[PDB]
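Enquirer: compute the structure for the input listed below.
(chains A, B, C, D, E, F and G, ligands or ions: 1)
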Amino acid sequence: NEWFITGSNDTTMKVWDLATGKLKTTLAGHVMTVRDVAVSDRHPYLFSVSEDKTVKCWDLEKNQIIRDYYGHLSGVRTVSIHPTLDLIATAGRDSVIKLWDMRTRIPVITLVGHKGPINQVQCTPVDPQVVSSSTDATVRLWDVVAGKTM
Amino acid sequence: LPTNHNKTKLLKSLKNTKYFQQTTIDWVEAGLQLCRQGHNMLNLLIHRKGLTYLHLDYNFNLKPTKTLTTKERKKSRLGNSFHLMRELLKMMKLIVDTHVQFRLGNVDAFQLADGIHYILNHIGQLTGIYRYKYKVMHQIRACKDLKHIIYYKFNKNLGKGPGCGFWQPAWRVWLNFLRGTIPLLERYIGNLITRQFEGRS
Amino acid sequence: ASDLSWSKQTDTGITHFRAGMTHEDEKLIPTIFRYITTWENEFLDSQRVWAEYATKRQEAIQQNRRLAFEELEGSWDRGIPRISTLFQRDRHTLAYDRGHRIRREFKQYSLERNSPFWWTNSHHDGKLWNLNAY
Amino acid sequence: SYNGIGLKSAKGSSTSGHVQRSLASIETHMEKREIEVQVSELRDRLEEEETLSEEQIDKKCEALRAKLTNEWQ
Amino acid sequence: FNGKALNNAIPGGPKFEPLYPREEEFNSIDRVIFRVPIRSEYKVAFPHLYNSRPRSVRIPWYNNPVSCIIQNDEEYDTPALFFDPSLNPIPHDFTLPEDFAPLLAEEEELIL
Amino acid sequence: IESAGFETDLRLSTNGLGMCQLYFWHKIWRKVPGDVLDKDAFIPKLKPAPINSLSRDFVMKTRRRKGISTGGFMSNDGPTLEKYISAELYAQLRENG
RNA sequence: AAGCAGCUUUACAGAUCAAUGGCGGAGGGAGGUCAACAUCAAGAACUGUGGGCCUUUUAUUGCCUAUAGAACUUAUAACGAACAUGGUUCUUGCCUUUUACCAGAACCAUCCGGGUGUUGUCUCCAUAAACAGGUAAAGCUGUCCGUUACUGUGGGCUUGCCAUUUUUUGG
Ligand SMILES: O=P(O)(O)O[C@H]1[C@H](OP(=O)(O)O)[C@@H](OP(=O)(O)O)[C@H](OP(=O)(O)O)[C@@H](OP(=O)(O)O)[C@H]1OP(=O)(O)O
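Expert: Numbers count the residues shown, from 1 in each chain, chains lettered A, B, ... in the order given. Next up is the structure itself:
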């Protein structure tokens, strides 16, 4: 709780301070509107979905981009770091959640079944491990193993 | 720093199959066979795409047989990868052909060494690798720079003229270039050959 | 070139020379600044040649002769404005031209490609340089 | 930049960067001092030769001082 | 490494980009005694003294002792141990057994 | 003040064979040539000062470091007149003698 | 360091030809452009065994001590006394957009390679090594076999030597 980072439409995430309200740093690696920011719980990372079609990892021991998760078919809207594994859940306009292993930057498990663009994805440590929701008015609960909506 | 858990190598991973076989041949025969096989592989890369009018000469000069369409200039342009293969095989064929002109009895060993030192310090003139990969210019400059040292320590009491054939450090510079662009060409030609067989993702 | 830790402090003498555009040849290409007369060397000369012209005009009024321009040759291309303005073919028309400096200076607010010679006007000042010797 | 003269880089200026060196470049006071010196000398003498008691040396010194004063007007 | 990190040339040495773009009362000519013009060889030799604001500067190897190696360059004519022409000259009962020998008295040859 | 790297000068002139060791245990102190009170001494700015105007230099710049002077002009030395000679008779006798 | 005494050794002359006890043996040496597994960037930094001490139940952490070992690189720090290339981001150049680039940084990587240990295989040269239990591995152990445990010749040295106050020639 030393800080909170607010990604904004001027492409520049800014790291503000809780107790004082000060800037400390500005993270400006995107070129499009930064839509979602998700800081990791057990990693010193900062995953920043923008609509650059890029999911960028920010190493907070360095304040540098280290990983760029390519594979999205359109703009991305949300991150969801699975809190007790090493994968992130990114989904957006292309109506499909791509899970990403954080080491190998591979789309590990595609999650097929939402119709319209997906707005907000949440991950739980126990199945349903992806609680996602889209513009087709469906909150789908996902099986990460089977790849099917439970 | 090199990787420490690299137990895998390239040729050590190819001895352990049933397809490659160990033998002992002359170096000149190995060079002539890599020229023949490189000509066959680049000729088959050309001929799978349908570029049968690009008569890849035996000295690895890609020349169109006839003047082209634009459709026969779109399929017949190729990237830095295929041309980089073509230019390194031009370089290697110049090396092996000067050793052949030695081994045939035509040219002297001193004139072989000067011919090799001419090759390894005129790759940017004799071959054309500078076009398709421009950081080769680094090594080309280094080869020129080694020329500029060696011709004024070989020629203290000799003045100006051909005859210098101390080709060792320029040879090292081009081997270090090949050390750098083995995995580059592995990835480039792996992507090209999987576009030829598997196709575009 | 001079010491860029010292050059932002004092008027350093020109202690070094960085090479401008070196070619492999030793071609000493002449530069335009040597073929343009500098402003002090134009203005002292302008005061001299206009003192000479006002003296020759006072004498030609005293001699009651009209000052033909076969005498001022040699001083025909010296002085700001030029002596060659005084015997151009439209001097009676340009007698009534006033405010031409700012008219030529505010062309940049109404022309898309103004001439870069916004300041000079060869009808009123003449050619202030000659690069046919360059 | 040798001697801090040259460029940051030859790249950027589009020059050769060949930086070459240019071939174109009181009496009373004195008296007092003397008196003091004399006194010191006297004291030293006293110390040297039979003057463990102060009164003697002091007396002699005083006399010397007086003499000096007399000498200087 | 010091010549690279300090934007600084050596006569035999190579030139680089500046590693740091460095721009702009204390160190003005009003307060500087100009006796020794600080050549860049000082700034590479003693890099922390002659440089206001160095960083990423590796500590240079201060000298080895004075190697007084005799070169023996006379036509294979001199022995291995002799007094070289460049060497400066030097301006300065009890009994034992007869068979008490020095150590290595069995061999005569000082050199081989 | 003149040995700012005499050691590297002996090493780079002799191409590495020389060796210099500067030391100050026999604590010798020599007069700088030139007067302190020489206000008519010329002071260059980028080349080093000449010999007969050295000490006037070596005073002044150190004064500008320590704030006892009042700017980068040739005045503000240490005069007799600032310390005690304030009445005009002492000043005129010192300048008239 | 000539010799003698002593100790040890092999070639032995010898006592038993026993029960002993040392040493050596209970399936070799040199290697090879042979590969397989480890291992190689660090509190200057490593493990083996054993004890003891701390969690709220003694579990995975982390220390203090005792000894036996640390091969390989490492200080002008690094497996390599040599040196390429690629990715991301930032800052320059060329600029006419990108690839291809100029060239510096930071963080990462990818390639040519390399060392050491062990296992195995292969090549060349040789040749009481018998039986029984196991492990990831060995004479590891039990039975067992040669010189041989009690003298002398021949070699080696780990030693000593070649009475008059403080030791060994008398209170
Ligand atoms: O033109 P120059 O300035 O006189 O230099 C040339 C040139 O060297 P550069 O590549 O540096 O220009 C030649 O190289 P190429 O023309 O072949 O490219 C080289 O001849 P070789 O490469 O054939 O050896 C020759 O060297 P030399 O004639 O001594 O063999 C050398 O002349 P310099 O020795 O005077 O520099």
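
Enquirer: and the residue of chain B nearest the ligand?
Expert: Of all residues in chain B, residue B:160 sits closest to the ligand, with a separation of 4.0 Å (Cβ to the nearest ligand atom). For every residue, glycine as well, the C-beta is placed using N, CA and C.

Enquirer: report the separation between that residue and residue E:24.
Expert: Per Cβ to Cβ, to the nearest Å, residue B:160 is found 51 Å from residue E:24.

Enquirer: again, but for residue B:135
Expert: In this structure, residue B:135 lies at 36 Å from residue E:24, with Cβ to Cβ as the measure.

Enquirer: quick one, which of residue B:160 and residue E:24 is more surrounded?
Expert: It is residue B:160, of residue B:160 and residue E:24, that has more neighbours when counted by other Cβ atoms under 10 Å in any protein chain shown, with 6 against 3.

Enquirer: three-state assignment of that one?
Expert: Per DSSP: H, G, I helix; E, B strand; the rest coil, the local secondary structure of residue B:160 is coil.

Enquirer: kindly report the same for residue B:173.
Expert: Three states are possible here, and by three-state DSSP the one that applies to residue B:173 is helix.

Enquirer: the residue positioned nearest the centre of chain B is in what secondary structure piece?
Expert: In chain B, the C-alpha nearest the mean C-alpha coordinate belongs to residue B:88, at 1.9 Å (Cα atoms, centre = their mean). Secondary-structure assignment from DSSP states H and E places residue B:88 in helix B:80-103.

Enquirer: next one: residue E:34
Expert: With elements delineated by DSSP H and E, residue E:34 resides in a region that no helix or strand encompasses.

Enquirer: ok, the nearest residue to it once chain neighbours are set aside - contacts?
Expert: Closest residue in space to residue E:34, ignoring its immediate chain neighbours: residue F:48 at 5.0 Å, by Cβ to Cβ, 6 or more residues apart in numbering or on different chains. With contact set as Cβ atoms under 8 Å, 6 or more residues apart in numbering or on different chains, residue F:48 has these partners: E:34, E:35, E:36, E:37.

Enquirer: so what's residue 65 closest to, chain neighbours aside?
Expert: Going with chain A. Spatial nearest neighbour of residue A:65, excluding adjacent residues (Cβ to Cβ, 6+ apart): residue A:29 at 4.7 Å.

Enquirer: should've been chain E
Expert: The shortest distance from residue E:65 to any residue that is not its chain neighbour, by Cβ to Cβ, 6+ apart, is 7.9 Å, and that residue is residue F:19.

Enquirer: that neighbour and the ligand, how far apart?
Expert: 39 Å (Cβ to the nearest ligand atom, to the nearest Å).

Enquirer: coming back round to it: touching, the residue nearest to the centre of chain B and residue B:129? I think so.
Expert: Yes: counting by Cβ atoms under 8 Å, residue B:129 is a contact partner of residue B:88 at 6.8 Å.

Enquirer: can you map out the helices along chain D?
Expert: Chain-ordered helices for chain D, with DSSP state H as the definition, fall at D:27-48, D:54-71.

Enquirer: residues in contact with residue C:18?
Expert: Counting by Cβ under 8 Å, 6+ apart, residue C:18 makes contact with C:1, D:6, D:7, D:13, D:15, D:17, D:18, D:19.

Enquirer: and those near chain E, which?
Expert: Checked against chain E using Cβ under 8 Å from any Cβ of the partner chain, those yield the following neighbours: D:6, D:17.

Enquirer: filter the contacts of residue C:18 to the buried ones?
Expert: Buried by 16 or more other Cβ atoms under 10 Å in any protein chain shown: C:1, D:6, D:7, D:15, D:17, D:19, out of those.

Enquirer: out of those residues, which is nearest to residue E:67?
Expert: Closest approach between the buried ones among the contacts of residue C:18 and residue E:67, by Cβ to Cβ: residue D:6, at 33.5 Å.

Enquirer: in chain A, what residue is nearest chain C?
Expert: Of chain A, the residue with the smallest distance to chain C, taken as Cβ to the nearest Cβ, is residue A:26 at 31.6 Å.

Enquirer: pretty sure that residue contacts residue A:12?
Expert: Yes: the pair residue A:26 and residue A:12 passes the contact test of Cβ under 8 Å, sitting 5.3 Å apart.

Enquirer: for residue A:62, helix, strand, or coil?
Expert: Secondary structure of residue A:62, reduced to three states by three-state DSSP: coil.

Enquirer: count the neighbours of it for me.
Expert: Counted with other Cβ under 10 Å, residues neighbouring residue A:62 total 9.

Enquirer: one more: residue E:2?
Expert: With other Cβ under 10 Å as criterion, residue E:2 counts 22.
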